[PDB]
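> Got coords-v6.cif for you, mmCIF, C-alpha atoms and all ligand atoms:
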data_coords
loop_
_atom_site.group_PDB
_atom_site.id
_atom_site.type_symbol
_atom_site.label_atom_id
_atom_site.label_comp_id
_atom_site.auth_asym_id
_atom_site.auth_seq_id
_atom_site.Cartn_x
_atom_site.Cartn_y
_atom_site.Cartn_z
ATOM 1 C CA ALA A 16 126.418 69.538 42.750
ATOM 2 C CA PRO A 17 129.335 67.061 42.289
ATOM 3 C CA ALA A 18 131.627 67.797 39.375
ATOM 4 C CA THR A 19 132.114 64.107 38.436
ATOM 5 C CA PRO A 20 131.055 60.670 39.741
ATOM 6 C CA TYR A 21 134.445 60.338 41.377
ATOM 7 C CA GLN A 22 134.122 63.569 43.277
ATOM 8 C CA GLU A 23 130.667 62.402 44.412
ATOM 9 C CA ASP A 24 132.335 59.252 45.823
ATOM 10 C CA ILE A 25 134.810 61.505 47.698
ATOM 11 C CA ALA A 26 132.056 63.795 49.098
ATOM 12 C CA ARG A 27 130.240 60.666 50.392
ATOM 13 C CA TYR A 28 133.450 59.254 51.880
ATOM 14 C CA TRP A 29 134.209 62.350 53.914
ATOM 15 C CA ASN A 30 130.540 62.951 54.835
ATOM 16 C CA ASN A 31 130.633 59.485 56.363
ATOM 17 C CA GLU A 32 134.032 59.606 58.060
ATOM 18 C CA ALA A 33 134.415 59.996 61.841
ATOM 19 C CA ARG A 34 137.243 57.732 63.000
ATOM 20 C CA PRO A 35 138.490 57.907 66.582
ATOM 21 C CA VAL A 36 142.126 58.330 65.522
ATOM 22 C CA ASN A 37 140.937 61.665 64.094
ATOM 23 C CA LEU A 38 138.321 63.011 66.470
ATOM 24 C CA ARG A 39 139.988 61.948 69.744
ATOM 25 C CA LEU A 40 143.242 63.509 68.567
ATOM 26 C CA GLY A 41 141.456 66.723 67.503
ATOM 27 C CA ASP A 42 139.707 66.781 70.904
ATOM 28 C CA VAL A 43 143.073 67.313 72.569
ATOM 29 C CA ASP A 44 143.065 71.052 71.757
ATOM 30 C CA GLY A 45 140.251 71.528 69.248
ATOM 31 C CA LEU A 46 142.447 71.405 66.122
ATOM 32 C CA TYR A 47 140.911 68.762 63.898
ATOM 33 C CA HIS A 48 143.440 67.419 61.386
ATOM 34 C CA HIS A 49 143.266 64.760 58.688
ATOM 35 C CA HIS A 50 146.968 64.309 57.987
ATOM 36 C CA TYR A 51 150.013 62.526 59.357
ATOM 37 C CA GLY A 52 152.735 63.597 61.782
ATOM 38 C CA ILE A 53 156.459 64.505 61.653
ATOM 39 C CA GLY A 54 159.285 64.917 64.094
ATOM 40 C CA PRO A 55 160.814 62.881 66.916
ATOM 41 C CA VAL A 56 158.590 61.237 69.543
ATOM 42 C CA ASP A 57 158.705 62.876 73.011
ATOM 43 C CA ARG A 58 159.413 59.775 75.069
ATOM 44 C CA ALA A 59 159.475 61.786 78.322
ATOM 45 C CA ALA A 60 155.885 62.979 77.851
ATOM 46 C CA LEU A 61 154.840 59.431 77.036
ATOM 47 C CA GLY A 62 156.251 57.984 80.247
ATOM 48 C CA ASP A 63 155.863 54.337 81.113
ATOM 49 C CA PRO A 64 153.930 52.250 78.564
ATOM 50 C CA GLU A 65 152.487 50.276 81.509
ATOM 51 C CA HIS A 66 150.952 53.344 83.110
ATOM 52 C CA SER A 67 147.156 53.575 83.314
ATOM 53 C CA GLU A 68 147.206 56.822 81.279
ATOM 54 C CA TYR A 69 149.538 55.645 78.515
ATOM 55 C CA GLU A 70 146.908 55.541 75.687
ATOM 56 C CA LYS A 71 145.866 59.117 76.488
ATOM 57 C CA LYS A 72 149.526 60.243 76.422
ATOM 58 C CA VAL A 73 149.920 58.506 73.050
ATOM 59 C CA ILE A 74 146.873 60.344 71.769
ATOM 60 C CA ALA A 75 148.330 63.718 72.887
ATOM 61 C CA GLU A 76 151.701 62.888 71.347
ATOM 62 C CA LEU A 77 150.369 61.729 67.959
ATOM 63 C CA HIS A 78 148.313 64.888 67.818
ATOM 64 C CA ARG A 79 151.339 66.995 68.654
ATOM 65 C CA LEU A 80 153.204 65.441 65.651
ATOM 66 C CA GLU A 81 150.205 66.090 63.297
ATOM 67 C CA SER A 82 150.098 69.706 64.435
ATOM 68 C CA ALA A 83 153.917 69.866 63.990
ATOM 69 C CA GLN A 84 153.415 68.753 60.408
ATOM 70 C CA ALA A 85 150.993 71.663 59.795
ATOM 71 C CA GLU A 86 153.369 74.183 61.437
ATOM 72 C CA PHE A 87 156.153 72.955 59.185
ATOM 73 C CA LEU A 88 153.925 73.413 56.148
ATOM 74 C CA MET A 89 153.169 77.029 57.220
ATOM 75 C CA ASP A 90 156.892 77.801 57.756
ATOM 76 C CA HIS A 91 157.026 77.663 53.997
ATOM 77 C CA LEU A 92 154.171 80.050 53.267
ATOM 78 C CA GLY A 93 156.288 83.182 53.443
ATOM 79 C CA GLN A 94 154.896 86.251 55.128
ATOM 80 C CA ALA A 95 151.178 86.873 55.423
ATOM 81 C CA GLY A 96 148.994 89.277 57.387
ATOM 82 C CA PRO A 97 145.512 90.524 58.130
ATOM 83 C CA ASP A 98 144.956 92.073 54.689
ATOM 84 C CA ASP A 99 145.818 88.858 52.877
ATOM 85 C CA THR A 100 143.728 85.870 51.799
ATOM 86 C CA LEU A 101 145.074 82.312 52.231
ATOM 87 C CA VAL A 102 143.373 79.240 50.697
ATOM 88 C CA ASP A 103 143.361 75.714 52.144
ATOM 89 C CA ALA A 104 142.512 73.541 49.178
ATOM 90 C CA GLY A 105 140.736 70.363 50.469
ATOM 91 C CA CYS A 106 140.496 71.676 54.015
ATOM 92 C CA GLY A 107 139.015 68.818 56.021
ATOM 93 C CA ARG A 108 137.501 69.731 59.392
ATOM 94 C CA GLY A 109 139.564 72.948 59.381
ATOM 95 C CA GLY A 110 142.347 72.534 61.968
ATOM 96 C CA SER A 111 144.988 73.926 59.554
ATOM 97 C CA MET A 112 142.766 76.947 58.898
ATOM 98 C CA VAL A 113 142.516 77.723 62.610
ATOM 99 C CA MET A 114 146.287 77.442 62.982
ATOM 100 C CA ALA A 115 146.897 79.653 59.933
ATOM 101 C CA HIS A 116 144.552 82.361 61.113
ATOM 102 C CA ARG A 117 146.303 82.372 64.502
ATOM 103 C CA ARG A 118 149.753 82.444 62.915
ATOM 104 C CA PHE A 119 149.101 85.087 60.244
ATOM 105 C CA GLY A 120 145.862 86.816 61.110
ATOM 106 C CA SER A 121 144.777 86.510 57.487
ATOM 107 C CA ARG A 122 141.431 85.763 55.932
ATOM 108 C CA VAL A 123 141.544 81.979 55.490
ATOM 109 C CA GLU A 124 139.276 80.331 52.909
ATOM 110 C CA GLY A 125 138.850 76.523 52.898
ATOM 111 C CA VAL A 126 137.194 74.362 50.298
ATOM 112 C CA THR A 127 136.082 70.771 50.738
ATOM 113 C CA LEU A 128 133.735 68.407 48.938
ATOM 114 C CA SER A 129 132.089 67.488 52.272
ATOM 115 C CA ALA A 130 129.176 69.477 53.691
ATOM 116 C CA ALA A 131 129.574 67.710 57.029
ATOM 117 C CA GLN A 132 133.228 68.882 57.099
ATOM 118 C CA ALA A 133 132.462 72.440 56.092
ATOM 119 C CA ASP A 134 129.692 72.590 58.686
ATOM 120 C CA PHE A 135 132.089 71.228 61.346
ATOM 121 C CA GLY A 136 134.815 73.742 60.588
ATOM 122 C CA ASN A 137 132.424 76.702 60.391
ATOM 123 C CA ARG A 138 131.004 75.705 63.780
ATOM 124 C CA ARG A 139 134.513 75.521 65.176
ATOM 125 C CA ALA A 140 135.339 78.969 63.785
ATOM 126 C CA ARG A 141 132.238 80.447 65.404
ATOM 127 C CA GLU A 142 133.139 78.811 68.729
ATOM 128 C CA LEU A 143 136.575 80.461 68.534
ATOM 129 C CA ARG A 144 135.043 83.780 67.400
ATOM 130 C CA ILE A 145 137.157 83.893 64.236
ATOM 131 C CA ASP A 146 134.311 83.193 61.792
ATOM 132 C CA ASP A 147 134.614 86.712 60.335
ATOM 133 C CA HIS A 148 137.999 85.592 59.017
ATOM 134 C CA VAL A 149 137.889 81.794 58.635
ATOM 135 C CA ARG A 150 135.365 80.124 56.355
ATOM 136 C CA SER A 151 134.913 76.636 54.820
ATOM 137 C CA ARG A 152 132.726 76.069 51.774
ATOM 138 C CA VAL A 153 131.670 73.036 49.783
ATOM 139 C CA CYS A 154 133.461 73.591 46.515
ATOM 140 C CA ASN A 155 135.631 71.601 44.034
ATOM 141 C CA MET A 156 139.206 72.912 44.468
ATOM 142 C CA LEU A 157 139.773 72.608 40.704
ATOM 143 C CA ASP A 158 137.066 75.214 40.081
ATOM 144 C CA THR A 159 136.895 77.855 42.817
ATOM 145 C CA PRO A 160 135.262 81.329 43.029
ATOM 146 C CA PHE A 161 138.503 83.142 44.033
ATOM 147 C CA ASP A 162 139.371 85.961 41.642
ATOM 148 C CA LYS A 163 142.490 85.803 39.501
ATOM 149 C CA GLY A 164 145.530 86.960 41.467
ATOM 150 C CA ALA A 165 143.509 87.543 44.656
ATOM 151 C CA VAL A 166 145.214 85.003 46.926
ATOM 152 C CA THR A 167 148.575 85.555 48.713
ATOM 153 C CA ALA A 168 149.375 81.918 49.560
ATOM 154 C CA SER A 169 147.668 78.557 49.412
ATOM 155 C CA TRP A 170 148.294 74.893 50.077
ATOM 156 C CA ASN A 171 147.228 71.270 49.801
ATOM 157 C CA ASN A 172 147.913 69.343 52.944
ATOM 158 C CA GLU A 173 147.480 65.666 51.920
ATOM 159 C CA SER A 174 144.658 66.379 49.464
ATOM 160 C CA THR A 175 146.426 66.362 46.073
ATOM 161 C CA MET A 176 145.836 62.608 45.574
ATOM 162 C CA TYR A 177 142.170 63.236 44.752
ATOM 163 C CA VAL A 178 142.735 65.298 41.571
ATOM 164 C CA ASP A 179 144.636 65.622 38.303
ATOM 165 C CA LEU A 180 147.734 67.602 39.225
ATOM 166 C CA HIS A 181 147.877 69.753 36.080
ATOM 167 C CA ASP A 182 144.285 70.897 36.696
ATOM 168 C CA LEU A 183 144.997 71.536 40.408
ATOM 169 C CA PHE A 184 148.151 73.582 39.785
ATOM 170 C CA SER A 185 146.533 75.490 36.905
ATOM 171 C CA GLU A 186 143.838 76.485 39.465
ATOM 172 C CA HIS A 187 146.211 77.623 42.255
ATOM 173 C CA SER A 188 148.314 79.411 39.651
ATOM 174 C CA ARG A 189 145.153 81.225 38.501
ATOM 175 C CA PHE A 190 144.132 82.519 41.921
ATOM 176 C CA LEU A 191 147.610 83.134 43.388
ATOM 177 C CA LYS A 192 149.018 86.626 42.897
ATOM 178 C CA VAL A 193 152.339 86.873 41.083
ATOM 179 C CA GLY A 194 154.949 86.296 43.785
ATOM 180 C CA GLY A 195 152.366 84.298 45.784
ATOM 181 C CA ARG A 196 153.445 81.086 47.496
ATOM 182 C CA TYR A 197 152.173 77.516 47.330
ATOM 183 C CA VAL A 198 153.012 74.531 49.538
ATOM 184 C CA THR A 199 151.979 70.933 49.509
ATOM 185 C CA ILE A 200 152.781 68.076 51.797
ATOM 186 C CA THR A 201 151.972 64.819 50.113
ATOM 187 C CA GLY A 202 152.680 61.099 49.943
ATOM 188 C CA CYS A 203 153.968 60.316 46.419
ATOM 189 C CA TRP A 204 155.179 57.071 44.964
ATOM 190 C CA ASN A 205 158.902 57.131 44.193
ATOM 191 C CA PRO A 206 159.843 57.126 40.543
ATOM 192 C CA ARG A 207 163.170 55.624 41.608
ATOM 193 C CA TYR A 208 161.195 52.507 42.624
ATOM 194 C CA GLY A 209 159.642 52.592 39.197
ATOM 195 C CA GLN A 210 155.840 52.204 39.449
ATOM 196 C CA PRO A 211 153.369 52.174 42.409
ATOM 197 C CA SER A 212 154.117 49.161 44.615
ATOM 198 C CA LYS A 213 151.511 46.820 46.024
ATOM 199 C CA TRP A 214 151.607 48.850 49.244
ATOM 200 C CA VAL A 215 150.900 52.127 47.451
ATOM 201 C CA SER A 216 147.993 50.480 45.700
ATOM 202 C CA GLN A 217 146.634 49.252 49.078
ATOM 203 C CA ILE A 218 146.689 52.856 50.307
ATOM 204 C CA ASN A 219 144.865 54.022 47.192
ATOM 205 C CA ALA A 220 142.240 51.314 47.711
ATOM 206 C CA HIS A 221 141.875 52.146 51.417
ATOM 207 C CA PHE A 222 141.217 55.863 50.848
ATOM 208 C CA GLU A 223 139.749 55.703 47.331
ATOM 209 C CA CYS A 224 142.611 58.011 46.251
ATOM 210 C CA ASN A 225 145.170 58.238 43.421
ATOM 211 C CA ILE A 226 148.699 58.685 44.677
ATOM 212 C CA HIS A 227 150.872 60.440 42.060
ATOM 213 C CA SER A 228 154.565 59.965 41.494
ATOM 214 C CA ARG A 229 157.138 62.567 42.519
ATOM 215 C CA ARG A 230 157.908 63.084 38.803
ATOM 216 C CA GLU A 231 154.258 64.074 38.185
ATOM 217 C CA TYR A 232 154.230 66.664 40.948
ATOM 218 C CA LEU A 233 157.302 68.397 39.528
ATOM 219 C CA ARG A 234 156.113 68.136 35.914
ATOM 220 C CA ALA A 235 152.686 69.617 36.697
ATOM 221 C CA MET A 236 154.286 72.465 38.661
ATOM 222 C CA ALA A 237 156.706 73.301 35.829
ATOM 223 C CA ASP A 238 153.761 73.345 33.383
ATOM 224 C CA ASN A 239 151.777 75.810 35.538
ATOM 225 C CA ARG A 240 154.048 78.665 36.630
ATOM 226 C CA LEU A 241 154.823 77.149 40.024
ATOM 227 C CA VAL A 242 158.555 76.917 40.758
ATOM 228 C CA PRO A 243 159.802 74.960 43.744
ATOM 229 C CA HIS A 244 162.202 76.782 46.076
ATOM 230 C CA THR A 245 162.307 74.057 48.770
ATOM 231 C CA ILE A 246 161.707 70.350 48.629
ATOM 232 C CA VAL A 247 162.136 68.235 51.708
ATOM 233 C CA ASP A 248 162.001 64.447 51.817
ATOM 234 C CA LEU A 249 160.093 64.025 55.128
ATOM 235 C CA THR A 250 160.040 60.185 54.902
ATOM 236 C CA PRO A 251 162.507 59.657 57.761
ATOM 237 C CA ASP A 252 160.652 62.352 59.705
ATOM 238 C CA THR A 253 157.204 60.747 59.548
ATOM 239 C CA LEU A 254 158.270 57.223 60.396
ATOM 240 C CA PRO A 255 158.421 57.830 64.191
ATOM 241 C CA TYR A 256 154.788 58.981 64.089
ATOM 242 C CA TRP A 257 153.743 55.881 62.201
ATOM 243 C CA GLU A 258 155.725 53.477 64.458
ATOM 244 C CA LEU A 259 154.164 55.081 67.551
ATOM 245 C CA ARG A 260 150.672 55.053 66.007
ATOM 246 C CA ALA A 261 151.071 51.355 65.196
ATOM 247 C CA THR A 262 151.124 50.754 68.975
ATOM 248 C CA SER A 263 147.863 52.664 69.554
ATOM 249 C CA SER A 264 144.442 51.067 70.134
ATOM 250 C CA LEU A 265 143.150 53.568 67.558
ATOM 251 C CA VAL A 266 144.935 51.900 64.576
ATOM 252 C CA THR A 267 142.981 51.693 61.345
ATOM 253 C CA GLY A 268 144.817 48.850 59.672
ATOM 254 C CA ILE A 269 146.719 50.905 57.058
ATOM 255 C CA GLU A 270 149.779 51.429 59.328
ATOM 256 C CA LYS A 271 151.695 48.491 57.867
ATOM 257 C CA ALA A 272 151.283 49.707 54.273
ATOM 258 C CA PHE A 273 152.700 53.117 55.159
ATOM 259 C CA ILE A 274 155.579 51.792 57.295
ATOM 260 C CA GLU A 275 156.631 49.083 54.851
ATOM 261 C CA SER A 276 156.464 51.273 51.732
ATOM 262 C CA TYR A 277 158.381 54.089 53.425
ATOM 263 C CA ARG A 278 161.081 51.578 54.445
ATOM 264 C CA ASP A 279 161.356 49.823 51.101
ATOM 265 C CA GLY A 280 161.683 53.037 49.051
ATOM 266 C CA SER A 281 158.477 52.636 47.027
ATOM 267 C CA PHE A 282 156.650 55.486 48.796
ATOM 268 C CA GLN A 283 157.712 58.838 50.168
ATOM 269 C CA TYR A 284 156.380 61.759 52.223
ATOM 270 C CA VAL A 285 157.467 65.124 50.814
ATOM 271 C CA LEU A 286 156.997 68.840 51.219
ATOM 272 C CA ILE A 287 157.200 70.962 48.060
ATOM 273 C CA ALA A 288 157.038 74.732 48.508
ATOM 274 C CA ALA A 289 156.883 76.874 45.324
ATOM 275 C CA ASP A 290 156.676 80.451 44.072
ATOM 276 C CA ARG A 291 153.929 81.462 41.564
ATOM 277 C CA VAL A 292 155.893 83.439 38.972
HETATM 278 N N1 LIG B 1 138.152 68.149 44.247
HETATM 279 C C1 LIG B 1 138.188 68.519 45.654
HETATM 280 N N2 LIG B 1 137.779 69.759 46.015
HETATM 281 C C2 LIG B 1 137.758 70.254 47.375
HETATM 282 N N3 LIG B 1 138.208 69.278 48.316
HETATM 283 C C3 LIG B 1 138.617 68.033 48.007
HETATM 284 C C4 LIG B 1 138.639 67.557 46.642
HETATM 285 N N4 LIG B 1 139.081 66.279 46.654
HETATM 286 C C5 LIG B 1 139.338 65.970 47.949
HETATM 287 N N5 LIG B 1 139.043 67.025 48.746
HETATM 288 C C6 LIG B 1 139.188 67.147 50.223
HETATM 289 O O1 LIG B 1 140.496 66.747 50.579
HETATM 290 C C7 LIG B 1 140.545 66.421 51.979
HETATM 291 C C8 LIG B 1 141.508 65.241 52.302
HETATM 292 S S1 LIG B 1 141.806 65.175 54.058
HETATM 293 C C9 LIG B 1 143.038 66.452 54.371
HETATM 294 C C10 LIG B 1 142.289 67.636 54.984
HETATM 295 C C11 LIG B 1 143.146 68.804 55.500
HETATM 296 N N6 LIG B 1 143.932 69.439 54.390
HETATM 297 C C12 LIG B 1 144.007 68.465 56.686
HETATM 298 O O2 LIG B 1 145.254 68.452 56.531
HETATM 299 O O3 LIG B 1 143.462 68.233 57.795
HETATM 300 C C13 LIG B 1 139.069 66.144 52.347
HETATM 301 O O4 LIG B 1 138.559 67.264 53.081
HETATM 302 C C14 LIG B 1 138.313 66.175 51.008
HETATM 303 O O5 LIG B 1 136.987 66.707 51.123
HETATM 304 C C1 LIG B 2 149.041 59.278 50.818
HETATM 305 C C2 LIG B 2 148.737 60.186 51.963
HETATM 306 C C3 LIG B 2 149.857 60.975 52.558
HETATM 307 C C4 LIG B 2 147.466 60.244 52.410
HETATM 308 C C5 LIG B 2 146.370 59.378 51.787
HETATM 309 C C6 LIG B 2 145.004 60.083 51.666
HETATM 310 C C7 LIG B 2 144.270 60.308 52.974
HETATM 311 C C8 LIG B 2 142.961 61.043 52.978
HETATM 312 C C9 LIG B 2 144.717 59.913 54.159
HETATM 313 C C10 LIG B 2 143.812 60.235 55.335
HETATM 314 S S1 LIG B 2 144.531 61.250 56.605
HETATM 315 P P1 LIG B 2 143.122 60.891 58.058
HETATM 316 O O1 LIG B 2 141.776 61.116 57.507
HETATM 317 O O2 LIG B 2 143.576 61.711 59.229
HETATM 318 O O3 LIG B 2 143.385 59.326 58.157
HETATM 319 P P2 LIG B 2 143.516 58.372 59.399
HETATM 320 O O4 LIG B 2 144.254 59.133 60.453
HETATM 321 O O5 LIG B 2 142.116 58.009 59.809
HETATM 322 O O6 LIG B 2 144.318 57.223 58.846
HETATM 323 MG MG MG B 3 144.240 61.160 61.004
#
Show me this structure written as C-alpha cells.

Amino acid sequence: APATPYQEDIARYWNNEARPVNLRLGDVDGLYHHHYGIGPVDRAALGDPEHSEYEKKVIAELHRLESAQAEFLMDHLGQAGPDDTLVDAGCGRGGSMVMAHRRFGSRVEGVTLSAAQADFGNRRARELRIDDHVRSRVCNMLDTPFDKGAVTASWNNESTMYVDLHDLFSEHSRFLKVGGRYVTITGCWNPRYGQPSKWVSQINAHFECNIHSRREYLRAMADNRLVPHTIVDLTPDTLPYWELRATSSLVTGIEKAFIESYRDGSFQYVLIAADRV
C-alpha cells in the first residue's frame, strides 16, 4: 500500500521499466544493475569499432563499469560476514545484493517499491541458490521492519533522489548498529554552481526524481548521527562510461544531460561513506 501519491508514481515507474540498456547489460553475467559506471574504458577488449561484434563488446564493457561502481561502493562497507545483516535501500532488480552476498556472505535484505523488481530479484536469488540469505521485499525504505540496531551496514546506490534525505538518514541511523557503516553513491547538484541547472532539471523530469544538492546530503547526515569518513568526487571517473554509452545503439536520450552537466560543473557524481555513531 503506497505511502504517498509520489511513491505510487515511483512503484508504477519501476513496475513498467524494462529498457534494453539495463536488461541486455544484466544478461552479460546475470547481475542486473540500475546505476551508472566508473573507471577507465578497456579499449583493448573493445577492439575495432568497425568489427561485427563491436556493439556486444560495448555492452560487456558498459556492464563491467556498472559492476565496478558497485564494487567500489562495497569497498567502503567495512568488514561484514555470515552473521551480519546488510540492507540495500531501493534495491532494484538485485544485482548489488548478489554481489554483496558473494563478497561478504552476509544476510542481504533489499527493499524496493516495485513488486516486479522484488519478484525478479527473488527469482534470481533462487536460481543462484542463495535465497536463504538474499531477499527483496516491497517496502518503503523510509519505514522498514528492521529492528533498531540490527543492521551492520547499508547503502543507497542511486536511490536517494526519491526521498527526503533527513527521513532517509533517520531511518538508516535507526536500524544501523552503533559503529555500523553507511554508503551512498549519488548524483547531486553542485552547490558551487548555485541551484539545479536546466540539465539537472531535465534528469529529474526524465526519471521523475528529485536530485538533492551536495550541501543537503551532508546536512542531513550531520543531523542524523551519520559521519562521513570518505567522500570521493567520482565525476571524472564516470565520464568515460557516459562517453562510451553515448556511442551505443542502446542510448536512452538522457546521455547529453549527464555529460554536459558533469562537464559544466552543475552536476556531480559522488560517493559518501559514513559511520553511524
Ligand atoms: N521510498 C522507496 N522505498 C524503497 N525503494 C525505493 C523508494 N524510492 C525509490 N526506490 C527504489 O529505488 C531504486 C532506484 S534504481 C537503483 C537500484 C539499485 N540500488 C541498483 O543500484 O541497481 C528503484 O528500485 C526504486 O524502486
Ligand atoms: C541522478 C542519478 C545518478 C540517477 C538518476 C535516477 C535514476 C533512477 C537513474 C536510472 S539508472 P537505470 O535505471 O539503470 O537507467 P538507464 O540505464 O536506463 O538510463
Ligand atoms: Mg542502467
> For the structure shown, which residues end up in the PyMOL selection byres (((chain A and resi 91-104) around 7) and not hetatm)? Put them as number ranges by chain, please?
A: 88-90, 105-106, 112, 119-126, 156, 166-171, 196-198, 288
> Please save C-alpha atoms of the selected residues as an mmCIF file, in the coordinates of the input.

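Below is the file that was written, result04.cif:
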data_model
loop_
_atom_site.group_PDB
_atom_site.id
_atom_site.type_symbol
_atom_site.label_atom_id
_atom_site.label_comp_id
_atom_site.auth_asym_id
_atom_site.auth_seq_id
_atom_site.Cartn_x
_atom_site.Cartn_y
_atom_site.Cartn_z
ATOM 1 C CA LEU A 88 153.925 73.413 56.148
ATOM 2 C CA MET A 89 153.169 77.029 57.220
ATOM 3 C CA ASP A 90 156.892 77.801 57.756
ATOM 4 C CA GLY A 105 140.736 70.363 50.469
ATOM 5 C CA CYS A 106 140.496 71.676 54.015
ATOM 6 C CA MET A 112 142.766 76.947 58.898
ATOM 7 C CA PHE A 119 149.101 85.087 60.244
ATOM 8 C CA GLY A 120 145.862 86.816 61.110
ATOM 9 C CA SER A 121 144.777 86.510 57.487
ATOM 10 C CA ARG A 122 141.431 85.763 55.932
ATOM 11 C CA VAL A 123 141.544 81.979 55.490
ATOM 12 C CA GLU A 124 139.276 80.331 52.909
ATOM 13 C CA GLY A 125 138.850 76.523 52.898
ATOM 14 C CA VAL A 126 137.194 74.362 50.298
ATOM 15 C CA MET A 156 139.206 72.912 44.468
ATOM 16 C CA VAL A 166 145.214 85.003 46.926
ATOM 17 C CA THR A 167 148.575 85.555 48.713
ATOM 18 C CA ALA A 168 149.375 81.918 49.560
ATOM 19 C CA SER A 169 147.668 78.557 49.412
ATOM 20 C CA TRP A 170 148.294 74.893 50.077
ATOM 21 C CA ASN A 171 147.228 71.270 49.801
ATOM 22 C CA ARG A 196 153.445 81.086 47.496
ATOM 23 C CA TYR A 197 152.173 77.516 47.330
ATOM 24 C CA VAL A 198 153.012 74.531 49.538
ATOM 25 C CA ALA A 288 157.038 74.732 48.508
#
> Residues within 12 Å of ligand MG 3 (chain B) should be enumerated using only C-alpha atoms and all ligand atoms and returned as JSON, numbers by chain.
{"A": [32, 33, 34, 35, 36, 37, 38, 39, 40, 41, 46, 47, 48, 49, 50, 51, 52, 74, 77, 78, 79, 80, 81, 82, 84, 107, 108, 110, 173, 222, 256, 257, 260, 265, 266, 267, 269, 270]}
> With all atoms listed in the file as the basis for distance, which of A:17, A:202, A:280, A:243 is at the shortest distance from ligand LIG 2 (chain B)?
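Closest candidate: A:202.
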> Have a look at A:283, A:22, A:212, A:263 and name the one nearest to ligand LIG 2 (chain B); count all atoms listed in the file.
A:283
> Which of these, A:242, A:118, A:18, A:292, has the shortest distance to residue 189 (chain A) once you count all atoms listed in the file?
A:292
> How would you write, as a list in words, the residues chosen by the PyMOL selection byres (((chain A and resi 136) around 8) and not hetatm) on this structure?
residues 107, 108, 109, 110, 132, 133, 134, 135, 137, 138, 139, 140, 150 and 151 of chain A
> I'd like the neighbourhood of residue 164 (chain A) as a list in words, where a residue qualifies if any of its atoms comes within 6 Å (using all atoms listed in the file), though same-chain residues fewer than 6 positions away should be ignored.
residues 190, 191 and 192 of chain A
> Once 3 Å is added on each side, what are the centre and the three edge lengths, in Å to one decimal, of the axis-aligned box enclosing the listed atoms of ligand LIG 1 (chain B)? Present them as lines of an AutoDock Vina configuration file.

center_x = 141.1
center_y = 67.7
center_z = 51.0
size_x = 14.3
size_y = 11.1
size_z = 19.5
> How far is it from CA of residue 231 (chain A) to CA of residue 115 (chain A), in Å with one decimal?
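Interatomic distance, CA of residue 231 (chain A) to CA of residue 115 (chain A): 27.7 Å.
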> Determine the residue set returned by the PyMOL selection byres (((chain A and resi 251) around 12) and not hetatm) for the present structure, and present it as a list in words.
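With the PyMOL selection byres (((chain A and resi 251) around 12) and not hetatm) on this model, the match is residues 52, 53, 54, 55, 247, 248, 249, 250, 252, 253, 254, 255, 256, 257, 258, 274, 276, 277, 278, 279, 280, 282, 283, 284 and 285 of chain A.
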> Using all atoms listed in the file, can you list as a PDB file with C-alpha atoms, in the coordinates of the input the residues within 6 Å of (151.7, 54.9, 45.6)?

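selection.pdb, written as the output of this step:
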ATOM      1  CA  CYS A 203     153.968  60.316  46.419  1.00  0.00           C
ATOM      2  CA  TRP A 204     155.179  57.071  44.964  1.00  0.00           C
ATOM      3  CA  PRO A 211     153.369  52.174  42.409  1.00  0.00           C
ATOM      4  CA  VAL A 215     150.900  52.127  47.451  1.00  0.00           C
ATOM      5  CA  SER A 216     147.993  50.480  45.700  1.00  0.00           C
ATOM      6  CA  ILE A 226     148.699  58.685  44.677  1.00  0.00           C
ATOM      7  CA  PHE A 282     156.650  55.486  48.796  1.00  0.00           C
TER       8      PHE A 282
END
> Nearest residue to residue 152 (chain A) out of A:130, A:85, A:114, A:73, using all atoms listed in the file?
A:130
